[PDB]
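Undergrad: Structure file protein_37.pdb (PDB, C-alpha atoms) is given on the next line.
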MODEL        1
ATOM      1  CA  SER A 152       0.000   0.000   0.000
ATOM      2  CA  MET A 153       1.212   3.484  -0.830
ATOM      3  CA  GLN A 154      -0.287   6.930  -0.178
ATOM      4  CA  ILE A 155       0.653  10.016  -2.172
ATOM      5  CA  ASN A 156      -0.304  13.703  -2.302
ATOM      6  CA  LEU A 157       0.025  15.048  -5.844
ATOM      7  CA  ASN A 158       0.018  18.712  -6.835
ATOM      8  CA  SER A 159      -2.799  19.852  -9.111
ATOM      9  CA  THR A 160      -1.003  22.925 -10.485
ATOM     10  CA  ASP A 161       1.915  20.827 -11.756
ATOM     11  CA  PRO A 162       2.261  21.062 -15.551
ATOM     12  CA  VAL A 163       2.271  18.417 -18.246
ATOM     13  CA  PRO A 164       5.961  17.729 -19.019
ATOM     14  CA  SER A 165       7.601  19.137 -22.121
ATOM     15  CA  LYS A 166       9.787  16.190 -23.191
ATOM     16  CA  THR A 167       7.015  13.869 -24.392
ATOM     17  CA  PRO A 168       8.638  10.430 -25.146
ATOM     18  CA  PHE A 169       8.824   8.603 -21.828
ATOM     19  CA  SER A 170      12.136   7.176 -20.649
ATOM     20  CA  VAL A 171      13.910   6.372 -17.388
ATOM     21  CA  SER A 172      17.129   8.386 -17.237
ATOM     22  CA  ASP A 173      16.190  11.927 -18.300
ATOM     23  CA  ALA A 174      14.454  13.680 -15.400
ATOM     24  CA  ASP A 175      12.084  15.902 -17.387
ATOM     25  CA  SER A 176       9.748  13.171 -18.653
ATOM     26  CA  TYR A 177       7.978  12.276 -15.407
ATOM     27  CA  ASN A 178       6.492  14.395 -12.652
ATOM     28  CA  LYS A 179       7.095  12.190  -9.618
ATOM     29  CA  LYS A 180       9.233   9.174  -8.691
ATOM     30  CA  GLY A 181       8.558   6.956  -5.691
ATOM     31  CA  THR A 182      10.232   3.795  -4.455
ATOM     32  CA  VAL A 183       8.891   0.709  -2.661
ATOM     33  CA  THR A 184      10.951  -2.264  -1.481
ATOM     34  CA  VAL A 185       9.502  -5.772  -1.751
ATOM     35  CA  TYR A 186      10.911  -9.201  -0.995
ATOM     36  CA  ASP A 187      10.791 -12.259  -3.218
ATOM     37  CA  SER A 188      10.270 -15.914  -2.269
ATOM     38  CA  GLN A 189      13.911 -16.462  -1.298
ATOM     39  CA  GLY A 190      14.223 -13.197   0.632
ATOM     40  CA  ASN A 191      16.107 -11.105  -1.914
ATOM     41  CA  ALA A 192      15.032  -7.469  -1.859
ATOM     42  CA  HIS A 193      13.717  -5.868  -5.054
ATOM     43  CA  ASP A 194      13.099  -2.158  -5.627
ATOM     44  CA  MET A 195      10.005  -1.028  -7.502
ATOM     45  CA  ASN A 196      10.057   2.510  -8.834
ATOM     46  CA  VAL A 197       6.682   4.002  -9.619
ATOM     47  CA  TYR A 198       6.658   6.965 -11.987
ATOM     48  CA  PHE A 199       3.660   9.314 -12.037
ATOM     49  CA  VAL A 200       3.147  11.394 -15.203
ATOM     50  CA  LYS A 201       0.264  13.812 -15.759
TER
ATOM     51  CA  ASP B 102      37.891  12.814   5.644
ATOM     52  CA  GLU B 103      40.882  11.721   3.556
ATOM     53  CA  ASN B 104      38.517  11.024   0.653
ATOM     54  CA  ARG B 105      36.774  14.357   1.417
ATOM     55  CA  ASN B 106      33.330  13.003   2.270
ATOM     56  CA  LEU B 107      31.077  14.405   4.971
ATOM     57  CA  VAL B 108      31.247  12.320   8.115
ATOM     58  CA  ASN B 109      30.295  12.666  11.774
ATOM     59  CA  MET B 110      32.797  12.250  14.598
ATOM     60  CA  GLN B 111      32.537   8.448  14.798
ATOM     61  CA  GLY B 112      33.335   7.535  11.193
ATOM     62  CA  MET B 113      29.912   7.205   9.527
ATOM     63  CA  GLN B 114      29.169   8.863   6.201
ATOM     64  CA  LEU B 115      26.316  11.312   5.597
ATOM     65  CA  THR B 116      24.156  10.199   2.679
ATOM     66  CA  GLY B 117      22.319  12.388   0.237
ATOM     67  CA  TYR B 118      21.330  13.154  -3.320
ATOM     68  CA  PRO B 119      24.235  13.326  -5.789
ATOM     69  CA  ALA B 120      24.741  16.037  -8.384
ATOM     70  CA  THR B 121      25.360  15.457 -12.096
ATOM     71  CA  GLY B 122      25.042  17.603 -15.194
ATOM     72  CA  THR B 123      26.574  20.585 -16.973
ATOM     73  CA  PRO B 124      25.474  22.726 -15.094
ATOM     74  CA  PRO B 125      24.934  20.299 -12.209
ATOM     75  CA  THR B 126      21.446  20.018 -10.752
ATOM     76  CA  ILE B 127      19.837  17.851  -8.100
ATOM     77  CA  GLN B 128      18.375  14.473  -9.083
ATOM     78  CA  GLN B 129      15.767  13.382  -6.542
ATOM     79  CA  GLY B 130      15.121  10.439  -8.856
ATOM     80  CA  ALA B 131      18.275   8.633  -7.776
ATOM     81  CA  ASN B 132      19.554   6.423  -5.020
ATOM     82  CA  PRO B 133      20.823   8.068  -1.816
ATOM     83  CA  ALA B 134      24.612   8.277  -2.050
ATOM     84  CA  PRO B 135      27.353   9.663   0.214
ATOM     85  CA  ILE B 136      28.013  13.348  -0.437
ATOM     86  CA  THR B 137      31.551  14.222  -1.524
ATOM     87  CA  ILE B 138      33.189  17.629  -1.856
ATOM     88  CA  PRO B 139      35.314  17.286  -5.013
ATOM     89  CA  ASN B 140      38.849  18.445  -5.722
ATOM     90  CA  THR B 141      37.980  18.988  -9.387
ATOM     91  CA  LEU B 142      37.839  22.139 -11.504
ATOM     92  CA  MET B 143      34.920  24.226 -12.707
ATOM     93  CA  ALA B 144      34.337  24.106 -16.457
ATOM     94  CA  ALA B 145      34.149  27.121 -18.737
ATOM     95  CA  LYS B 146      31.002  28.382 -20.447
ATOM     96  CA  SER B 147      31.154  29.847 -23.939
ATOM     97  CA  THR B 148      29.549  33.220 -24.547
ATOM     98  CA  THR B 149      25.999  33.291 -25.922
ATOM     99  CA  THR B 150      24.435  36.718 -25.290
ATOM    100  CA  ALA B 151      26.115  40.114 -25.083
TER
ENDMDL
END
Translate the structure of the given file into structure tokens.
TA:
Amino acid sequence: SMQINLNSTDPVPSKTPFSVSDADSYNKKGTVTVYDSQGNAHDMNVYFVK
Amino acid sequence: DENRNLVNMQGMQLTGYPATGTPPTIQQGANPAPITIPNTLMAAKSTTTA
């Protein structure tokens, strides 16, 4: 479970093709840590784009 | 430190957001990394507007 407060005045981004590295495609990045069946930790990045 | 990090008086490093780019900006979409004051040189900027 994950709660988030997003800003309503935040603009649509200029650089339109979505990628991972360049930090002007998305609006917000958040990170959750989960654990697999053997106990190794994995990191899920969620990216919120208006 | 010797490696010029930021460290409290017991020997533990102070983590933070790193800085990349020309000019460098903050990347909140990154992993937390130890801050380091660098011994490098500033880079020149060619003239654009007079």
Undergrad: Compute the set of chain A residues within 10 Å of chain B, using only C-alpha atoms, and express it as JSON, numbers by chain.
TA: {"A": [171, 172, 173, 174, 177, 179, 180, 181, 182, 196, 198]}
Undergrad: Suppose we keep C-alpha atoms; can you now write the selection as a JSON list (two decimals), in the frame of the given file?
TA:
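Full text of part-v3.json as output:
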[["chain", "number", "residue", "atom", "x", "y", "z"],
["A", 171, "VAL", "CA", 13.91, 6.37, -17.39],
["A", 172, "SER", "CA", 17.13, 8.39, -17.24],
["A", 173, "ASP", "CA", 16.19, 11.93, -18.30],
["A", 174, "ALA", "CA", 14.45, 13.68, -15.40],
["A", 177, "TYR", "CA", 7.98, 12.28, -15.41],
["A", 179, "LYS", "CA", 7.10, 12.19, -9.62],
["A", 180, "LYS", "CA", 9.23, 9.17, -8.69],
["A", 181, "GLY", "CA", 8.56, 6.96, -5.69],
["A", 182, "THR", "CA", 10.23, 3.80, -4.46],
["A", 196, "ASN", "CA", 10.06, 2.51, -8.83],
["A", 198, "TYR", "CA", 6.66, 6.96, -11.99]]
Undergrad: Mind giving me the straight-line distance from atom CA of residue 184 of chain A to atom CA of residue 166 of chain A in Å, one decimal?
TA: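 Between these atoms lies a distance of 28.5 Å.
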Undergrad: Evaluate the PyMOL selection byres ((chain A and resi 165) around 12) and record the selected residues as a VMD selection string, following the chain and residue labels used in the document.
TA: chain A and resid 161 to 164 166 to 169 173 to 178 200 to 201
Undergrad: I'd like the residues picked by the PyMOL selection byres ((chain B and resi 144) around 12) written out as a list in words, using the chain letters and numbers from the file.
TA: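 The output of the PyMOL selection byres ((chain B and resi 144) around 12) on this file is residues 122, 123, 124, 125, 141, 142, 143, 145, 146 and 147 of chain B.
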Undergrad: Output C-alpha atoms of each residue in that selection to a file, as a JSON list (two decimals), in the frame of the given file.
TA:
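What follows is the written file selection35.json:
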[["chain", "number", "residue", "atom", "x", "y", "z"],
["B", 122, "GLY", "CA", 25.04, 17.60, -15.19],
["B", 123, "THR", "CA", 26.57, 20.58, -16.97],
["B", 124, "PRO", "CA", 25.47, 22.73, -15.09],
["B", 125, "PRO", "CA", 24.93, 20.30, -12.21],
["B", 141, "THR", "CA", 37.98, 18.99, -9.39],
["B", 142, "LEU", "CA", 37.84, 22.14, -11.50],
["B", 143, "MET", "CA", 34.92, 24.23, -12.71],
["B", 145, "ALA", "CA", 34.15, 27.12, -18.74],
["B", 146, "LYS", "CA", 31.00, 28.38, -20.45],
["B", 147, "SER", "CA", 31.15, 29.85, -23.94]]
Undergrad: Please write out, as AutoDock Vina command-line options, where the centre of an axis-aligned box around all listed atoms of segment 164-183 of chain A lies and how long its edges are, in Å to one decimal, after adding 6 Å on each side.
TA:
--center_x 11.5 --center_y 9.9 --center_z -13.9 --size_x 23.2 --size_y 30.4 --size_z 34.5
Undergrad: What separation in Å, quoted to one decimal, exists between atom CA of residue 107 of chain B and atom CA of residue 126 of chain B?
TA: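 Separation of atom CA of residue 107 of chain B and atom CA of residue 126 of chain B: 19.3 Å.
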Undergrad: Could you tell me how far atom CA of residue 183 of chain A lies from atom CA of residue 135 of chain B, in Å and to one decimal?
TA: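 A separation of 20.7 Å between them.
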Undergrad: Could you pull the residues within 8 Å of residue 133 of chain B, counting all atoms listed in the file, minus those fewer than 3 positions along the same chain, as a PyMOL selection string?
TA: chain B and resi 116-119
Undergrad: Write out as a list in words each polymer residue whose atoms come within 9 Å of residue 138 of chain B, counting only C-alpha atoms; drop sequence neighbours fewer than 3 positions from it.
TA: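 Using only C-alpha atoms, the neighbours found are residues 104, 105, 106 and 107 of chain B.
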Undergrad: Can I get segment 131-148 of chain B with N, CA and C atoms filled in, as a compact mmCIF listing (two decimals), in the frame of the given file?
TA:
# COMPACT_ATOMS: atom_id res chain seq x y z
N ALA B 131 17.05 9.40 -7.82
CA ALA B 131 18.27 8.63 -7.78
C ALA B 131 18.34 7.90 -6.44
N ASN B 132 19.34 7.07 -6.30
CA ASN B 132 19.55 6.42 -5.02
C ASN B 132 20.27 7.38 -4.07
N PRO B 133 20.04 7.26 -2.77
CA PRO B 133 20.82 8.07 -1.82
C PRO B 133 22.27 7.60 -1.78
N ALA B 134 23.19 8.53 -1.96
CA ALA B 134 24.61 8.28 -2.05
C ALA B 134 25.35 9.17 -1.07
N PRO B 135 26.55 8.78 -0.64
CA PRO B 135 27.35 9.66 0.21
C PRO B 135 27.80 10.92 -0.52
N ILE B 136 27.58 12.07 0.11
CA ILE B 136 28.01 13.35 -0.44
C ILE B 136 29.53 13.43 -0.40
N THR B 137 30.11 14.06 -1.42
CA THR B 137 31.55 14.22 -1.52
C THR B 137 31.86 15.60 -2.09
N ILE B 138 32.65 16.37 -1.35
CA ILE B 138 33.19 17.63 -1.86
C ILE B 138 34.33 17.28 -2.80
N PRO B 139 34.30 17.71 -4.05
CA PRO B 139 35.31 17.29 -5.01
C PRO B 139 36.48 18.26 -5.13
N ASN B 140 37.63 17.69 -5.48
CA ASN B 140 38.85 18.44 -5.72
C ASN B 140 38.99 18.87 -7.17
N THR B 141 37.91 18.79 -7.95
CA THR B 141 37.98 18.99 -9.39
C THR B 141 38.03 20.47 -9.73
N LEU B 142 37.83 20.78 -11.00
CA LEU B 142 37.84 22.14 -11.50
C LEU B 142 36.48 22.46 -12.12
N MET B 143 36.07 23.72 -11.98
CA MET B 143 34.92 24.23 -12.71
C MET B 143 35.22 24.21 -14.20
N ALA B 144 34.17 24.12 -15.01
CA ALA B 144 34.34 24.11 -16.46
C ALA B 144 33.83 25.41 -17.05
N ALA B 145 34.46 25.83 -18.14
CA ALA B 145 34.15 27.12 -18.74
C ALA B 145 32.84 27.07 -19.51
N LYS B 146 32.24 28.24 -19.70
CA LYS B 146 31.00 28.38 -20.45
C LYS B 146 31.23 29.39 -21.56
N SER B 147 30.97 28.97 -22.80
CA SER B 147 31.15 29.85 -23.94
C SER B 147 30.09 30.93 -23.96
N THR B 148 30.43 32.06 -24.56
CA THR B 148 29.55 33.22 -24.55
C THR B 148 28.39 33.01 -25.51
